[PDB]
Amino acid sequence: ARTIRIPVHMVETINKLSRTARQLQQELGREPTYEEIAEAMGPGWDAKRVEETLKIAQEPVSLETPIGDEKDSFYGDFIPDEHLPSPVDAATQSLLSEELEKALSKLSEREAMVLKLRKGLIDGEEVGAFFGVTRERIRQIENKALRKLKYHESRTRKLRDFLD
Amino acid sequence: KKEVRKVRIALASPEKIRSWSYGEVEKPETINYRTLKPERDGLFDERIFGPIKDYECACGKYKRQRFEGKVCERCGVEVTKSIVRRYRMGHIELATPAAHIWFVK
Amino acid sequence: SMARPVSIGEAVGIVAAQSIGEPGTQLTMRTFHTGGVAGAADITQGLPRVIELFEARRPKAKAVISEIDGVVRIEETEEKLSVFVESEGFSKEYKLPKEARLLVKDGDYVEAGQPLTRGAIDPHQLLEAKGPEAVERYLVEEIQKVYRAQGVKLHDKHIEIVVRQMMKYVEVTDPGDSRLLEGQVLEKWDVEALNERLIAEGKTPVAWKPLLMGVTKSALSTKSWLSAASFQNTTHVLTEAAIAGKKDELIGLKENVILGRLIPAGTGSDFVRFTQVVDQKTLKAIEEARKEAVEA
Amino acid sequence: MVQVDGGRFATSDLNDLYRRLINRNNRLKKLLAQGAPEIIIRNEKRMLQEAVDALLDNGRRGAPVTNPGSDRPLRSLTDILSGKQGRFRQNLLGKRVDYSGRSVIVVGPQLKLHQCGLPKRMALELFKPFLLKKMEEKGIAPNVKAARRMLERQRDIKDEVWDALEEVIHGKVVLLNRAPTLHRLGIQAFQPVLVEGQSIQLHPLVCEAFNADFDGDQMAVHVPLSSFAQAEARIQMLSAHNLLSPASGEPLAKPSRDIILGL
Amino acid sequence: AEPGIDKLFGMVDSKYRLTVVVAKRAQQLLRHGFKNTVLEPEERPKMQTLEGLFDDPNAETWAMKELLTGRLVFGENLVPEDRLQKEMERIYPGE
Amino acid sequence: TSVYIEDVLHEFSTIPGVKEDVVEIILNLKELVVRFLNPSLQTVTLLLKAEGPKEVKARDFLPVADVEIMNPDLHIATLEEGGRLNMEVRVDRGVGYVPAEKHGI
Amino acid sequence: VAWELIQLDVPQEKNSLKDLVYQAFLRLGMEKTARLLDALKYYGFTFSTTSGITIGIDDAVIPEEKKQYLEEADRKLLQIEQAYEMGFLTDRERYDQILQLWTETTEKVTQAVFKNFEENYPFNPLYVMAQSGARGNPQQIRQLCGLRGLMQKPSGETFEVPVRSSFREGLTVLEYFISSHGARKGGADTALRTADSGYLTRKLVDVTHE
Amino acid sequence: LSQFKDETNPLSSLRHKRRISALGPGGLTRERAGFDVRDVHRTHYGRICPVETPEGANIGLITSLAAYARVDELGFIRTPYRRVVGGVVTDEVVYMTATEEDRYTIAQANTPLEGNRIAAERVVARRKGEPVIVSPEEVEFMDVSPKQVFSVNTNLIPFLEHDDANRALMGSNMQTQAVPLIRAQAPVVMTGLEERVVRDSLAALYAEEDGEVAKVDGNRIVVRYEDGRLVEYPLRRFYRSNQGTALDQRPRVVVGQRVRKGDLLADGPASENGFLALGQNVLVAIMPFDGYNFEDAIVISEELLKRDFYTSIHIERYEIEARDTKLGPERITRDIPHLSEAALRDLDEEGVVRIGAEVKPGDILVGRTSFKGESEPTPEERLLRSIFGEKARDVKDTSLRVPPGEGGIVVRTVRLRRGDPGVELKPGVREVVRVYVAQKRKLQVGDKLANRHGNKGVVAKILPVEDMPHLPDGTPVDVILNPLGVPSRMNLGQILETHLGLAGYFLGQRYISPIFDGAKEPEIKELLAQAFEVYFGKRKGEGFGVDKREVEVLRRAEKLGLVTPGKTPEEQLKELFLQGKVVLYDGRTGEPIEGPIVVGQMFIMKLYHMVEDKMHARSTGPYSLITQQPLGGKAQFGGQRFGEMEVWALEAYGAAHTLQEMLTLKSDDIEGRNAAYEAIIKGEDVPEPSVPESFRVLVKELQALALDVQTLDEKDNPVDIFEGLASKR
Amino acid sequence: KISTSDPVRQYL
Ligand SMILES: CC(=O)O[C@@H]1[C@H](N)[C@@H](OP(=O)(O)O)[C@@]2(C(=O)O)CS[C@@](O)(C(N)=O)[C@@H]1O2
Ligand SMILES: [Mg+2]
Ligand SMILES: [Mg+2]
Ligand SMILES: [Zn+2]
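Residue numbers (this note's numbering), protein chains in the order written: chain A, 26 to 189; chain B, 218 to 322; chain C, 9 to 304; chain D, 3 to 265; chain E, 30 to 124; chain F, 3 to 107; chain G, 29 to 238; chain H, 2 to 730; chain I, 109 to 120.
Right under this line is the structure:
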């Protein structure tokens, strides 16, 4: 029946929710706040639960539905797009990567690449970051190369204007 | 590389239907709420239509550009952005045929 | 837009289509197939006409043209009048009901397709009677009749450009490659006939018949399906285009615009799409490359 | 399949049809396998058939509907290509240009046909990227992303920036459009002369080409990005080059209203 | 209007050709280095915040300014398509 | 060139016990004509504070040594009861017209 | 070459100018023309300011003959009525005869006003504009100084009675309402052709683009 | 049918309340049938204005009713018509149905009346939609008034009589677009309803019963009636009108004043003294200037800005919500995560902005913080934060900012938090935050002003009082209107207004010229005659006579035919003045303007600036999700449409690339636009367009149907549009 | 023609 699948339990759940709201409509003259529904429903029913359930109860809308004055309005030219890098972002990655790439080269590979690759190539482990050389040389070069790199970058200010 | 100088509409061979396609959408499973991800093999599956993220895979075994042209060992995702997700096509395999109303009516 | 000759690659088609679409806003607009059924409303003015003209149609007050060029004869009986045209060869009876005010008199000559009734003429008939050369010439001048009458002074050129296209198609009565009853592009037949009688022997004359279809239909049915998918029935246009495996050679601006391809007209001219520039310094440079070609 | 508001989701109607087909197709297979009573097999095969029509073209034989809410034909692939206004159809109503602009016009008496008055404020957005780079070629900004933030707020622009833009626009030209573009002269190219305020200074002589009065008619403005587009735009599209109308060998740069009265 | 547009129009067989030339010249003017010109010395291109147009304002305003002179040569097939870009890189510095 | 009502923050406010609104008053001030006698006086801040059932005219500004008000009887405001108006109006020597936006004192 | 293509034998109308431009285009060259264009623009603009042409109310001059032509045609209407009161003229004949009276009378005052300006005030503000290619429709002028005379009914049958007034004097209440009818029909035609103007161009480009 | 009250200014709202429409239930009259309905039918007399309808596709269908028009028992606009028994006219009136009107012989109000006696044998009447010269003995019924014929909105035009019904429409719709100026002045010449307009509209506050005034605050007028009672009358200080125009009630009564029943205590948004006032009376020369007033452009004297003359206050209501995301509530706090306190200043109150703060485009009106990703953090962004300060608030800056265009000074703010009083907060909506901003709009070149007759136009140049046309006595003109806009259009009424205005200037008096019964050409010449003595009489006594210039223009004036040759300059100028025109000197040169020019007091209103007016310029921005073409909305302007009519314009030109660009790099080429920007950024010539998404979307849409669309090569071989995403796996 | 009726008739 639905566009987004809902297991049998959620279903009867929703029927019960509905039926309850019906009995609640019976006398208040007030379409129950999600307080009544929780109470009347039973044991573990709360506001957060009912607002959630009726949110899934609403079927989707037709991305294609007659819009505005019903003339010729299709609900989809108005939603924007997120993955796609609006020009602004394509320019970002260009300078960012060209400048990050310049810095990455002028440094000693040992602990810079370690943290460059461990942070920028796979996933986000000081010890597990360096090959054979233990932590003492990691922190040593990491913090001494990272600062020499940041303080000369402080001189020739290229990175300061936060690319983000 | 070469200039497109002529376009041509031609009937679809069932074999060409499958030639364009990737996987078979066999189940009416859009997306399942808990995780806004593609449900099973259904209409949005990642193997059938592609990866939903920039250069990264779904699980993440490979995540940047160096290996841009290869697919993931345990799961299938060859990547360039989500545009591959919007240009690829899947096909349904009909039990007993039916006809195009575009030609019948 | 400049006063010298026309420069190769000018989008004339449209340049024309426009010069005629603007002034159109100044022409009256009562009813398209003008006038109203009442007593005797004889012509059609303003835009309503210019529509009746580009789209070859049956004016209300039609004027029966003379299919035969000869002499005139009229009769007296009560109900219906009658004008007869005859040569030493033959005569033709023409039924002219009560409303028909006759322009011709008992006595002189009437060329083929001449007006025998007063008023409008059907291009189709004038086509058949005096020829394409006549329909064409009738359409142009008949159209300008309206504009001139309204102040607008547009060069005939444009109207011609349009009318021509209303006759880029003709009918077939003596086949060779494709069966007889088919309406196809005039020059495309001049292509067949040309090579069928000149390069490949066996004169299989492709006899045709000048056809006159309205601007709407002219376009409604054309070579490129793309262009056709755009307006009439995307649904049919494609179906056919498909079954036949059509190769839309892109020429024309509508079709090549959907592609988002450069326009065939303008700078996109195959005439100039390729042109290179040089400095005498780079001219001697390349010759030096040639000189170097001398081995050992 | 998209997240809207609170949690609303929007999906191309095509997906409800697709599900139609798939469910039916599957139910078919399972009905064949389960065992098969003839009436039920065909019955399904009928549904299946219909369904296959739906995605392709809806309405040729009956019209499928999303459940009680909108008795609307779910757009079929056919409807997509054709539609009230669909694929090749609106492919020609127009698309929206990326380097465009639009403001109210106002007579620019001293202006020469050659040029046109364009609001600097407008020029800034329009030639943004051309400015950015120009900023970097000068001391105003270290880099692009810098130059960008430098201009993200109005109060932060050093007067040095205008001098940059004013330098970027040196010999480039833009296109100006009018409400009903009736003839080719309905869009003409001019050299921008940046000016203060909101209004766009237009020349009086060309007021005849575009049917433009000054009671509020707003003209749009476009930008030639390629060196080619620019070459054509100022060579064979610039206002001062197209003086005689394509309709009649009569001039269109005729002294309009006031000039005659004067002369 | 623009400098000797008539004179220019005349030097070409087709109007739409003149546009192609200028545009393709302006291209090379920038790519191979902007000093790829034929007329720099005494009376040349100029802008006024200083007389600094001498370096890089408008590409084609130059192209036109050169074409108007009789130094360039535009043909249908003047110099072989790929050997041109090679010879040009070789002789003009600036990158 | 500038004004400061003590309880008022923006120009579009209205002061209790005061018939006129900030905008009408700052407007009447533009009507005020002062005259200083020497260069030493570039920017003079005139001060005025009046309370209760009194009409506030320009003569009510506390006198300043080298400055003279040629516009005494000009009407600044009408104060009802519990009418508290204490302001500081700047005055300068300049040329032409300068929009309040241009200087921003 | 400037004298060879100019006519200093007359006041410069938009047409004389129009012509000047064309000539100048073929003769001297494109850009050289552009110059003349702004040259004309500039002086026209200047001299226009100084000339002090201004619309005033007394400038729209009503002819002394308006009263005549009106009255003469007025009594003539009386005859048409006497001729109908007797039974001579068919219901229709009367009507088409009246209209004919006005249609001629109206065009009579029009050549009258102009003749007035032509002879007495060569330099009337309201007139030079129209004579000059500048601004003004002969039919327009007629509605200010002469009179706007016949307005049609809703359908199309022109009214029997004319609009005796001009815009200079108070176009009365009903001569107004009467005139109002024809107004809607007109504006109605303009809104419909705005689109029809696209209709026509559409069709033509469909067949002619290639 | 029910819509936004259009209250740009009181009169407006009033009209929008009484207007009558066609379109609606669907049963009555839809969009299809028009031309027979759209026309002004005969019976529309006194029942519906024939002018008042909207210019545009929707013409004649929508229309406000007439003056005395009244719906009796069932919706039949009856129009009043007074009875005339025999040659006797009555003061009795019958509101007659459309049908019945035809059975009688009705006559117009212009008929010479002695009282009950009609005065001319051959006097006009109109049977049934037919003009007919009837006799006094047949005149059964007569029209009630000239006013009943049209609408209120139209009745406000001075000499409607002399203005072509066509452009008088413009005049009636123009008023509906009048914006309240802080300085409101009534016309130097009015029709007679300005009073009734403001009164029947609810602009000004009127006194119920007679009494004395107690307190006269800027916020209240507590009056004391003689009945022994006193009531406090609050005054909507500064209220936001639906379309953003100020609605303030400025008190006009002093302390302790005996008020007459029904007298203005305070003036409405646009009233001077119980009179309707939009825009202001300004002295105006009516001549051509350089080009500044060419087709329909207006030249204005800077002097009009010096005085706060055309100046109006505006208020826009920016609003932002704190939404509940499953990622974490969006907090509204003074905290703006990434860069400076300088931008936080006016953000004084923690979170909200401080009242009375000057907000420019690009300042934080309100702060808010949502979460960074959809569900997961960022591997690349993980390293950066760690490098300079790992401990970085992961929260996103989603804060209401000042949208391009403008802002003023915050005058009011509203915040609705958790424990709601009696408010309706939508679901998901944690809390709302309204910000009312106001701004003073001084007249400028982009603005458009227009008299009541229809002369509409925009300001093209603000001239220094230094050099614009000045009169002999140093008084300069404020606005210089082009004559050429008067002949084509046919509204001499404006030229009639300016003349009466001239007299009102020197005679220091305002007048009331009714619709068709008003002022007459001789009466005006008579007042001008009075004015010449105020103008030139003082000149005599003040000590001087006539200029070389003054005589000079006379020479040229007699050769013209404006002045009787042979009379004395003194006498000649009187003549010349009576004609409504006077000598004017250039101002720039000081020489005179050869030929007398008319000048005078013409009322002129300023027109409201729509959201479109906000000139939209867009560089780069959002893009639609399904269609990949430029879209705007909140802060990014959104691209302009490049329609077919425009395509052809380029097509016609050899604009090949420029057109490709418009179809590729500018709107749909996804890969195109990107490499485009970047290219520009590095000063590289934009890239050569990749395939447009329109194309690709098509092909696939087409593939969605059996059909196979494959592009081809030189030789009929494939080529590839979908760069590399179609080959399989 | 219209689907429901046909199947109903079909098995009925
Ligand atoms: C003949 C003449 O004098 O020219 C006029 C003016 N060009 C102009 O008049 P306006 O309405 O601005 O006052 C108008 C236009 O805006 O294009 C509209 S009316 C017009 O069609 C007419 N036939 O009267 C014609 O065109
Ligand atoms: Mg206009
Ligand atoms: Mg106009
Ligand atoms: Zn994986």
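Backbone N, C-alpha and C define an ideal beta-carbon position, used for all residues, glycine too.
Among the residues facing chain B, residue 242 of chain C is not included, as its CB has no counterpart in that chain under 7 Å away. Under the 7 Å criterion on CB atoms, residue 97 of chain A is classed as interfacial with respect to chain D. For residue 652 of chain H and residue 246 of chain C, the gap between their C-alpha atoms comes out near 26 Å. For residue 490 of chain H, the CB falls within less than 6 Å of some heavy atom of ligand 1. By the neighbour-count criterion, in which 16 or more other beta carbons inside 10 Å mark a residue as buried, residue 37 of chain E falls on the buried side. Note that the C-beta distance between residue 402 of chain H and residue 365 of chain H is below 7 Å.
Close CB contacts of residue 563 of chain H within its chain, under the 7 Å cut and outside five residues either way in sequence, are with 577, 580, 597 (chain order). Short of 7 Å from the beta carbon of residue 677 of chain H, and not among the five residues preceding or following it, lie these beta carbons of its own chain, in chain order: 666, 687, 688. Taking 7 Å as the upper bound on Cβ-Cβ separation, chain E lies near residues 57, 58, 59, 62 of the region 44-66 of chain G. Residue 409 of chain H is not a Cβ neighbour of residue 436 of chain H, given a cutoff of 7 Å. A contact is defined here as three or more CB-CB pairs under 8 Å, and the region 298-316 of chain B fails this definition with respect to the region 196-209 of chain G.
Scanning its chain for C-beta atoms nearer than 6 Å, with the 5 sequence neighbours on each side dropped, one finds around residue 146 of chain D the residues 134, in chain order. Within chain H, no C-beta atom comes nearer than 9 Å to that of residue 136 of chain G; the closest sits roughly 21 Å away. Rounded to whole angstroms, the gap between the alpha carbons of residue 169 of chain D and residue 163 of chain H is 54 Å. Under a criterion of Cβ atoms nearer than 9 Å, the residues of chain H adjacent to residue 103 of chain A are, in order, 625, 626, 632, 634.
Ordered along the chain, residues surrounding ligand 4 are B/274, B/276, B/278, B/289, B/292 [Cβ under 5 Å from any heavy atom]. DSSP, reduced to helix, strand and coil, places residue 19 of chain C outside both helices and strands of the structure shown, so it counts as coil. The alpha carbon of residue 692 of chain H has as its nearest neighbour, out of H/679, H/685, H/674, the alpha carbon of H/674. Beta-carbon to beta-carbon, residue 172 of chain H and residue 368 of chain H are separated by about 48 Å, too far to satisfy the 8 Å threshold. Within 6 Å of the C-beta of residue 165 of chain G there is at least one heavy atom belonging to ligand 1.
Interface criterion met: the Cβ of residue 620 of chain H is under 7 Å from a Cβ in chain D.
Residue 94 of chain A has its Cβ no nearer than 6 Å to any heavy atom of ligand 3. Residue 74 of chain C is positioned such that its CB atom lies no closer than 7 Å to that of residue 23 of chain C.
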